[PDB]
Structures are given as C-alpha cells and as structure tokens.
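A.B. asks: For reference, the structure I am asking about is given below.
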Amino acid sequence: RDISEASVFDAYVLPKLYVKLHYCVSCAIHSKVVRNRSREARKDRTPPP
Amino acid sequence: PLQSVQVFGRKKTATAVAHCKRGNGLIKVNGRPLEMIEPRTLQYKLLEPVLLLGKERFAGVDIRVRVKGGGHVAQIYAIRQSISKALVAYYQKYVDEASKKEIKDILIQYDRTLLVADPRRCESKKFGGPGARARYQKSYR
Amino acid sequence: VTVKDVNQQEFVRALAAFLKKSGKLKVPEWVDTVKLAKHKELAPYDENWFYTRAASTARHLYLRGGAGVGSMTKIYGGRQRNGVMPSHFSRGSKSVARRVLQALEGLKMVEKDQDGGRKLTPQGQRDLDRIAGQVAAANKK
Amino acid sequence: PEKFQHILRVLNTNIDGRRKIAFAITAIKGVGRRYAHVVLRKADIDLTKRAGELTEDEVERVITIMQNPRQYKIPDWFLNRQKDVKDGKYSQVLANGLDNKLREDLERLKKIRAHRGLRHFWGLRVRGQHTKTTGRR
Amino acid sequence: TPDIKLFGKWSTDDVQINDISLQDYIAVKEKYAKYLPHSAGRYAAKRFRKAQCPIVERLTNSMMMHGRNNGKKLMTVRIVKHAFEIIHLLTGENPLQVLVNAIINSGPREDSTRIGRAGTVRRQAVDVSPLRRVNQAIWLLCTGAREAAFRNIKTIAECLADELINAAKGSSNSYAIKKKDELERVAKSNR
Amino acid sequence: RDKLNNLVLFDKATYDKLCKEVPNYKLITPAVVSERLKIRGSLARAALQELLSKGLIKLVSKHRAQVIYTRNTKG
Amino acid sequence: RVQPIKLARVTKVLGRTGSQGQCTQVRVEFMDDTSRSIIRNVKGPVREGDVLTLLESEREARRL
RNA sequence: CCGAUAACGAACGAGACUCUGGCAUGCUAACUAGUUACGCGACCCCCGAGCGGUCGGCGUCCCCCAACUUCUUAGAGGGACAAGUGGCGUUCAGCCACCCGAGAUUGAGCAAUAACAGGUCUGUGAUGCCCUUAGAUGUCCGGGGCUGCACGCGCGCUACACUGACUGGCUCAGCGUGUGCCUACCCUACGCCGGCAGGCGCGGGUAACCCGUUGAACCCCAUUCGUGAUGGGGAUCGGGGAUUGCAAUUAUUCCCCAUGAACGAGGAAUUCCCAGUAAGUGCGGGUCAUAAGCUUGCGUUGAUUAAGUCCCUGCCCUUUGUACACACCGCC
C-alpha cells in the first residue's frame, strides 16, 4: 500500500518471484521445512494446510 | 435523647473504636483532639473525613475515639476509618439516608479504605527463611 | 486544656522552666558525672535533664495512675549497640528516675500511692497543668 | 569570630584548635569523650567553643584537673588507672605514661611467666577468642 | 477545602497532563487529587491499577529505597511535601506542574530492548508503554537526587527540587534528563 | 576527590558578603552557605540564626532537621 | 530526510515475543494519520486503548 | 477436564480435607476479657476549659443487686461460591474484563507408585554380626582438649553514614513465656542503697488474675554535627568493679572506666522473590546455673519491580533417534 500510492500507474497487479527452492534433507530438517514423524505417520504422504 | 453510635475501623491489629455522641462536637482520639497525635506528616490524613464532608458535618457530633494495638501509622487509618464509619452510621441510623449516601459517596469516591476494612494481614514465617518467603542463602560449592 | 490538650512536647519545655524558675527541687551531685542510662553513649548536653525529666516523669504520672521506678526505667529506653552485636533494649537508670521521683516528692508534686508505685498528688497535679493553661495561652501558634 | 588561635598545642601532644573543645581533649592518650566532658564540666569551661579559642588559664585549668582529677570532685569511674598494683594508687594516667604503664604490666605478666604475657610476646589474642579464622595479618 | 480537595497547602486543580499517552497513566487527579502522599495502597495487586496510584505518592515510595531506609514512608513523605515547597519559590505556579511536566519529559519517547540476537546482542528499538519510561525516569531522578546528596549536605528536598525543575524544563542539567537522552541515543545507534 | 575544608568562623571581609551576599540568594540552607561560601556548616547553622537579627532572610518553615530558608521578602 | 513524532496505540495487543519475554507485539494506528497501520515491538506493559511513541515511522519492527 | 475416542466404566496421587489467615453493630455468652458506654451516683484536684452554670479530659471510688457485648475472648453460624453481566474462547472445558464485594488464587500440613550403600548404629532398653572386656574402649575425678594458628572455603552480624550520626523528648504488640518443674530448683511486680553491673528491701503469680493499658525499635517527634575514616565505625588490647557458678586460668557472662583498628559500597562469581511480598526493626520462644552473632515465630515499619517467557539452569508430558540399560558423570 506504500507502493500502490506512489505508483505512477493506476491499479497495477505487481509481479511475483517464482523461485524453485530445493533443499538437501539436512537443511530441510535443520531449517524446519519438514519435521520428523511417528512410525504410522511416516507413511501418510498427503500435503495438509 | 442524644446519639450513642460506636463504630470501629481496623488496620493490621490496630482496633480503633470511635464513638459519636450529639453535642457541640469537636472530635478527639483517646483524650486529645485531631490537631496532635503527631506522626504529624500524616495529620491531614485523619482530618480528611472532616475536610471532605464539611466542618459542619460533625457540628452536632462529639466523637471520641480510643486506640490500642497495632502501630504508630496503622493506628491512624484505624482512627480515620473509625470516624468515617461512625459518622456514616450516625446519619444512617436515626438521621436520614440521603446525607448518609452523600457522605458514603464523598468518601468512597476516594476510599483510602475509609469505610472498607483493608482485608490484608501479615504472612507467617516458614522454616528455612528469615521472612515468609525469602530463604537462608544457599551454600553451593 | 489538660496535659493532653496542650501539644505535649512543648509541655515539658515550660515545666522544665517552672522548676528552674522556682529555684527548688533538690539537684544533687552524681549529676555532672552521670551517664543517664548504660544505654547511652554519652552524657547529655542540656546540662539540666532532671528539671526537664522530672517534668516528663511528673506529667507521665498525670497520664498514668501509678508508676514504679521499674516503670520509669522501662519507659526511658532506646536501642543499645553492643557494637558489632545487634541492638537490644536496656532499661534506663534507676538511681536517676528514683531521685527524680523522690525529688518531685520534696516539692510534693507526687506521693507514694497505695498498692505500690508513685502517682501525683493534687497539689502537684496543679503545678503540672496550671502551666498547660499558660502553654496553650502562651499563644496560639 | 576570632580566628586567632589557628590550632593549639597541649600537654606535649599536638592538638587542633578548630575542633570543638570537648572533642579536642579527646586526642590525648588516656582520655576519651566520656572523661573529656567531665573535665570541661568541673573546670566550668563553656563547652560550646573551639580549642583554638580560650586562654592559657583555661587550658591549664584543664591539665591541672585532668592530670589531678580526684581532688576536683571527679569520682572513680573516670580514673582509667584503678588500683594500679605498684602501690594501691588509683589516679588517671595520660600521655606516653599509659604506654609506659601498658608496657610495664605486659612486662610484669611476661616476667611472671604467666599466660597473658606469653600471648603478647608471641603476638596472638590474649582474650580467648578462636584465631582459626580471624587474626590474619 | 470542603469546596475543593487540595493538598496540605496546594492546588491540584489547574493542573494538566501536557502530553497525551501519559494522560490516563499520570493520576494527578481523576477527580482524585489526594491530599497526602501516605496512602494505605494496594496498587501492586493487579497490573494496570499501578498507574491509578498518584504520581506524587508513587514518587515518595520510589524515594524510600536503598538498604538503610526501606519502608520509611513517614520519612520521605516529608521530603516530598517538603520538596515541593521549594519549587513554587523558584518557578511559581503549582510545583505539581513541575513534577508532572518533569516525568513527561524526564522519561523518553522510545527505548532500547534486549533481544537475544544469537550471540552479539543487538538491542532493538521499541516504543514503550508509559511505564519503563515513567519508572526509569522516576528512579533516575530519585537516584540522581540521591547520588548528588551523599557527600554534599544537600537536602533531599532541595536535591530532588533541582531535578524536578531540571527535568520539568528540558534543562539537560539533571540525572533523569541525562539518561532519557542516552536510552534514546543507544536506540538511535541500533536504528 | 571531593575534599572541602573550610574555616570555622567567617572572616570580617567574608562576613560582609554573608551580610551582603546572603541577600542575593533564595533557596538557602546550611548547605548553600557552606558550598558557595567556605563556612564549616555548624557556623553556617549558627550564622543563619545570627542572620535573623532582623530577618535579613526569611524562614519558610524550620523542619526539625532542615531550616528551609528563603529570599529576603522583597517585592 | 523524515523525522516526525507520531503517537499511536495498537487496537489489539497481539503477542508477547522477544527472547526473554519482553516485547509485546503491537499493531498501532498512526494517530497522526488514521489510515496508516504499523507493526512494532513495545517493551513496557501495554493494553488495548493506551498512546505509544516510535522514533522512526517506517521500520515496522519484524519477528525478533 | 471435555472431546475427539478399540474403549467403557474404576482406584491411588493432585483435587476434596485439616489447621490457618483475613467480611461478619447477624447469635451465645463471659468479674480468669473487656469492659462499654453509661447511670454516670461519685473523689476529685483547676488535671484542665470556663465569672459561674456547664464542659474536655486522664486518674481513680469504686463497688455493684448498671448494662452490655461497640473492640477482647471463644463457641455455635453464615459467607465466597468464576456466584452476576460484557467480551474472548471448537462458542464445550474454560480464559479475560467489569458489578456487587474477601472476585473465581491469604499461607502451611497432610503428600502416591517407586526409588537412592543419601543420612542416621553417637535420638532410641531398636540392634545384626564383629571387636573390647578388669591394666578393662565397663563408670568416672582432675586436669586438658574439643576454642588451639603461616593459610582455605561455609552459612551470620556491623559498617561504611547525614533520607544520616550521637543530644532532649512521645509513644504504638504478639506469639509466647513463666514459680513453686522426676530430685533442686522460676516468673517477677513495688521499697531503699549504688553510677552500673548490680546491690540490698520487701509484694502477686496452675496464671486471660501477677509480671502485665506486656508502656519498643525502628519508628515518631525535640536539640548537636557538618561531609572529617569524623561523633560512623567501632575491632584489638590497659586497667578496675559486679554476677553465675565449689571453680572462669582457656578475656564464662555482665557492668564501669581506658586503648582505640580495617571498612568511604566491595575484584572473579552467584540466591530471593510478586503483596502485606523484599528490606529494616525489635521483641518472644527454642537453646539457658551461667548465658547468645544460632535458629523458629511474632508483629511493627513497610518499598521498588516481573504478572511473562523459556533466553540460561533444571522439571513434566508427547513424537523420535539411540552400539547408552553402573543409563552420557555412558558407551568407545
């Protein structure tokens, strides 16, 4: 909303960065991308928000 | 037949029993007016009820307080509380209620525990400490 | 305007004056070399305690119906550094409170009560609080 | 208010004029605050004054009294020297005199092979307090 | 005084809280201008009842500190009903304005809080609830008047009545307004 | 460092200033004479009663401990 | 550059972050301007209703 | 706890309980409380006001066949129970704010399973075994030591001063405690004497009566002092005098003199805790012939600040890894 004021143009969608991050498992765990589950849970491969 | 309303107010272990008789009414603690007692920095402290409600408001009310127990400072919110409570029971029981309520308002808009007994009293000591809570210093290697 | 009605600390100021300006009581000799109570560090500056303390002692008896030497010692107390030790309470000197009582007895401010202990006698009861009128009516201040 | 004295010397010991009179008497060995008013109470010197004031008569009035106390009504509390032992004299020692007396009674105890002497000789406590933890210099 | 609740000798009316934020936290008078700075007190029971206690008495308590003097409010209540009687001689007007327009500009506007920040502890600029300003300000001038008054014989009433004028005015001549500077100054360095 | 040794009794030239200089203050006490002037402080204590010879200065209110002691009373 | 003083109090207390439990995160109205919304970490005990002060009106103090 | 729920309904711990601590002009009462205020009947001295009537007031003259419980006491009671309202909350369990009011928490004791070469044989006439057993490690007398001192650490107190130091004075308790006790022994009121320690006179006391309106310190109020290692501080010694004890040498304890130290806020670290809390402050109790710088209680004066987080330390669950199971102070 700073930028949408100062815009010379009207409305304007703004772009997006499309980064494909891409971690080794070490950093995936250390930096909390995944975690570490129970034996029954290890299997449940769905991706749940 | 005059008034004879006795009322007490306390602080810690300082029971102060005030009592209000009808008369000219110039007020006194044990046997000496409010102008002394002489923790003194306080003084206004115990005058307060007078100074709030009006010098008129005890103008038909000889009050005599008595104080034992507790301590120097305590003895004063004890006698303050007493001559505000007693004076309250005065205008209530025989006189009216509106003035009782105009009093009780004038007081309880700033309490200082005037009609309210301070519910507090000291904690006991527990073994392994100088006071209630604090503890004899831990040796440690 | 009794002893109470007069602001009690400028009582003994004038009662000390009384017994000085009488020019009789019976000042003695342990006097210039007196400690006052093993209690104290140091012999008192106003070289004239017992005119001002016999004042105290005598008005004190006014307030209390009976008092022994043991009582007078008790009342003039204090804390007492035994030094690096903690402070404790030590009774005042007997000798001096006693001779204060016996000396007040000479002017006949006081007498020995029944059931033990000194109280003040009607005659003394006067000299005491006569000047209470004179202390209130010295001036309002 | 008269600044003339600018300090004073009394009884072979240096003393300060500015200090209050009761205090000034205090400095000499054998005195102390106790006895040092009592001297200025019998002498009848006004206590509300400084040792850099007064006259030669006042300061001698002190010495005559303080050096010879008992005769001017001063009772026997305020004699530091009570039944001396070398004759039953009981008076008030002052100055180096006490250091002399002090030494003589240490000497006497020591000479009579008695315990308290040995203890000074060695450099210890005389008064049986425990020196396990204190008395470290 | 039945007409209006004054303060030993003193007007608490014609007193205004001269910076909003501190207003509603400085309880000079709700309607409640207390006469004295002794009070039963129990403003240490709940949390934001602490403000409703009058800045004056709240200062007496903040003054009876230091090891040899704790719980001598009788004592310090003199100092403070004794100090103000100096200010009015110098400034004039309610020296309660000199108290209240001290605490306002004795205490900062924002402060430097310690975050953990891994190892090297880069404090962060944060604003404050009028509390760490109010309180710090309160000792800093207590501590200041205190520290100035060991080894001169300065009366704590005098010493404090310096500080309360030297902080009522942005006078840069006290102890409170000399640290109110730095906490801000330290914060500026951080960001 | 704070070392402050002052004469017990005012010199005549100094006294004039106290007679003179003391009229030129407001917030006076045994302090304010013993720091501005180099008087002991017990002789300041004293001097301040001397200076009530005819209220050259004004007592607001002697508190048991502290004299608390104002300007002359001009206007 | 830009150097004003703006007093705003966040409408809702939000959390109590900081390492040791110091900083209460606040969403604060500008006060000087109604429209502006900022997030800052405060040190003193705050609540819903109370004005606060920030040196720079930009920083928008983030996760700490 | 509810709920999701291969579980359903139960048991110990927590909780409930006990003691305690606070609202109870509501009740039952109380000369071993208080009394209260009377009625005030007085003495009563001008104690004080006031010409005098009259009044303010301590003391007493009480007693009582006043009257009563206003505070005191201790019995029965009640109450306080997230009880109401407004938020927040899966709109459940609850949490938060406010009302009336003690707002749901005043503080301990009690405290499971299961542990631990924790400690205790020197608390036990509880004691296994072992030693020792007359010259006795059986029991003691006298003395001595347990106290000793170049150093090291541990809990305390007092200071560093003038928001204070010593100099007048005023004046407010609580929990206790007390004799006359299992073998010889107190609590102490009031007279003289002495400075004081104290001494010497005499008085009440199975005590709510006597100590004892427990007449305190800080505290509070009245003067000195002037920021001087000074009057703070107050050690170490000189000398007297009391007291306990048959006896204090190995200063017993106390007093009286006399000397008169380091410390001007503490280097590296680290415990304590949120409301009548920390701190100061005496005071009891315990310890005691003598006696406490010890603790455990008690008021009293009474603050600052957190009201949250797991950042350090250490604890709980869950998932997980684990070559550890004398458990990481491990294994290798």
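A.B. asks: Which loop GluC sites (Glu not before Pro) in segment C:33-138, with loop taken from DSSP, have no more than 13 other Cβ atoms within 10 angstrom of their Cβ?
C.D. replies: C:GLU41, C:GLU47
A.B. asks: Okay, moving on. Considering only C-alpha atoms, what is the centroid distance from segment E:98-168 to chain A, in Å?
C.D. replies: Spelled out, the Cα-based centre of one part sits 46 Å from the other.
A.B. asks: Would you grab the residues whose amide H sits under 5 Å from the one on G:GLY18? Only those 5+ places off in sequence or on another chain, please, with H modelled 1.01 Å from N.
C.D. replies: The answer is G:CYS23, G:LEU64.
A.B. asks: Say the cut-off is 19 Å between C-alpha atoms; which of C:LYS108/D:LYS73; C:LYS21/C:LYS74; D:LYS3/F:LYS17; C:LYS21/D:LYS20 go over it? Could the numbers behind the result be given before it?
C.D. replies: Working: C:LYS108/D:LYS73 30 Å; C:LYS21/C:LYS74 29 Å; D:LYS3/F:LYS17 17 Å; C:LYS21/D:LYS20 30 Å.
With Cα atoms farther than 19 Å apart: C:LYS108/D:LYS73; C:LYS21/C:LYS74; C:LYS21/D:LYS20.
A.B. asks: Also, I was wondering about something else. Return the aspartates and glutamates within reach of E:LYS188: Cα separation strictly under 20 angstrom, same-chain partners fewer than 8 residues apart disregarded; answer none if there are no such residues.
C.D. replies: E:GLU110, E:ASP111, E:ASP127, G:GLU56, G:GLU58, G:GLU60
A.B. asks: Please identify the trypsin sites (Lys or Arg not before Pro) of segment B:62-138 that satisfy two criteria: DSSP loop assignment and at most 15 other Cβ atoms within 10 Å. Which are they?
C.D. replies: B:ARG120, B:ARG121, B:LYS125, B:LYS126, B:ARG133, B:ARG135, B:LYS138
A.B. asks: Over chain E, what is the mean sequence separation of C-alpha contacts under 8 Å (at least six apart), divided by residue count, expressed as relative contact order in percent?
C.D. replies: Relative contact order for chain E comes out at 20 percent.
A.B. asks: Another question, then. Amide H neighbours of G:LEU7 under 5 Å, at least 5 residues apart or on other chains, H built in the peptide plane: list them.
C.D. replies: Excluding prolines and chain starts, which carry no amide H, the hits are G:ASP32.
A.B. asks: Select from C:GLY23, C:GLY83, C:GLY106 the residue whose mean-square fluctuation is largest in a Gaussian network model of chain C (Cα-Cα springs shorter than 10 Å).
C.D. replies: Judging by the Gaussian network model, the answer is C:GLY83.
A.B. asks: So what are the ³J(HN,Hα) numbers for segment D:117-122, from phi and the Karplus equation (6.51, -1.76, 1.60; θ = phi - 60°), rounded to whole Hz, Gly and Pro as x?
C.D. replies: Computed from phi, the couplings for segment D:117-122 are x, 2, 3, 5, 2, 6 Hz.
A.B. asks: Label-point separation (nm) for F:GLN49 and B:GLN109, each offset 7 Å from Cα along Cα-to-Cβ?
C.D. replies: So the label points at F:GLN49 and B:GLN109 sit 4.8 nm apart.
A.B. asks: Explain nothing, just compute: Karplus ³J(HN,Hα) = 6.51 cos²θ - 1.76 cosθ + 1.60, θ = phi - 60°, for every residue of segment E:116-122 in order, whole Hz, x for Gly and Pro.
C.D. replies: Result, rounded to whole Hz: x, 6, 6, x, 6, 8, 7.
A.B. asks: Please compute the contact order of chain F in relative form: average sequence separation of alpha-carbon pairs under 8 Å and at least six residues apart, divided by the residue count, as a percent.
C.D. replies: Relative contact order comes out at 33 percent.
A.B. asks: Right, another one. Be a star and scan segment B:83-105 for residues whose amide nitrogen sits under 12 Å from the point 7 Å along the Cα-to-Cβ vector of E:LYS31.
C.D. replies: B:102-105
A.B. asks: If each of F:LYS12 and E:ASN70 carries a label point 7 Å out from its Cα toward its Cβ, how far apart are those two points in nm?
C.D. replies: For the pair F:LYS12/E:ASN70, the computed spacing is 5.8 nm.
A.B. asks: Further question: Rounded to the nearest 0.05, what FRET efficiency is calculated for C:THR2 and B:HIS72 with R0 set to 25 Å and r the Cβ-Cβ distance?
C.D. replies: Numbers: r = 23 Å, r/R0 = 0.91.
The value I calculate is 0.65.
A.B. asks: Report the FRET efficiency, 1/(1 + (r/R0)^6), for D:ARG136 and D:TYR90, where r is their Cβ-Cβ distance and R0 is 51 Å, rounded to 0.05.
C.D. replies: On the way: r = 38 Å, r/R0 = 0.75.
The calculated FRET efficiency here is 0.85.
A.B. asks: Any idea what angle helix B:74-90 forms with the longest principal axis of chain B, computed on alpha-carbon atoms, 0 to 90 degrees, nearest 10?
C.D. replies: Tilt of helix B:74-90: around 30 degrees.
A.B. asks: From the backbone phi of segment B:9-25, what are the Karplus-calculated ³J(HN,Hα) couplings (6.51 cos²θ - 1.76 cosθ + 1.60, θ = phi - 60°) in whole Hz, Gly and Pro given as x?
C.D. replies: Along segment B:9-25, the couplings run x, 10, 8, 6, 10, 10, 6, 10, 9, 8, 8, 10, 10, 7, x, 6, x Hz.
A.B. asks: Right, next: Once both axes come from the Cα atoms, what is the angle between helix E:95-106 and the longest principal axis of chain E, in degrees from 0 to 90, rounded to 10?
C.D. replies: The angle comes out at about 0 degrees.
A.B. asks: Amide H to amide H under 5 Å from B:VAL67: which residues, 5+ apart in sequence or cross-chain, H placed 1.01 Å off N in plane?
C.D. replies: Residues meeting the amide H criterion: B:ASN30.
A.B. asks: Strictly over 22 Å apart at the Cα level, which of B:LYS85/E:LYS73; F:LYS26/F:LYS62; B:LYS138/E:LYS46; B:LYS100/E:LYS81; B:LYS45/E:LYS72 would you flag in this model?
C.D. replies: B:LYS85/E:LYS73; B:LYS138/E:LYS46; B:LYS100/E:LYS81
A.B. asks: Once every DSSP H run of n ≥ 4 in chain E is given -39500 (n - 2.57) and the sum is divided by its residues, what mean residue ellipticity at 222 nm do you get, rounded to the nearest 500 deg cm²/dmol?
C.D. replies: Theoretical 222 nm ellipticity from helices: -13500 deg cm²/dmol.
A.B. asks: Here's another thing I want to ask about it. Would you tell me the mean number of C-beta atoms belonging to other protein chains that fall within 10 Å of each C-beta in D:119-132, as a whole number?
C.D. replies: Per residue, the average neighbour count from other chains is 0.
A.B. asks: Let me ask something else. What angle, in degrees between 0 and 90 and rounded to the nearest 10, separates the Cα long axis of helix B:44-53 from the longest principal axis of the Cα atoms of chain B?
C.D. replies: 40 degrees
A.B. asks: Please give the average number of partner chain Cβ atoms lying within 10 Å of the Cβ of each residue in C:113-124, rounded to a whole number.
C.D. replies: Per residue, the average neighbour count from other chains is 0.
A.B. asks: Oh, and also: Give the calculated FRET efficiency between A:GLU5 and E:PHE150 to the nearest 0.05, with a Förster radius of 60 Å applied to their Cβ-Cβ distance.
C.D. replies: Numbers: r = 58 Å, r/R0 = 0.96.
Approximately 0.55, to the nearest 0.05.
A.B. asks: Which length gain, in nm to one decimal place, applies between C:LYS140 and C:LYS24 when the Cα-Cα distance is subtracted from 0.36 nm times their residue separation?
C.D. replies: So the extension gain works out to 38.8 nm.
A.B. asks: Here is a follow-up. Residue by residue through D:49-57, how many Cβ atoms from other chains fall within 10 Å of the Cβ on average? Working shown, then result.
C.D. replies: Values: counts 0, 4, 0, 2, 2, 0, 0, 0, 0.
Whole-number average of other-chain Cβ neighbours for D:49-57 is 1.
A.B. asks: Most fluctuating residue of B:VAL50, B:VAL95, B:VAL29 in a GNM of chain B with Cα springs under 10 Å: which is it?
C.D. replies: It is B:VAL95.
A.B. asks: Loop only per DSSP, at most 11 neighbouring Cβ atoms within 10 Å: give me the chymotrypsin sites (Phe, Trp or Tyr not before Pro) in segment E:83-191, ordered by residue number.
C.D. replies: E:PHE150
Only the coordinates and a few stated rules stand behind these numbers; no lab work does. Note that we place each Cβ from the backbone using ideal geometry, even for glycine, and neighbour counts take in every protein chain shown.
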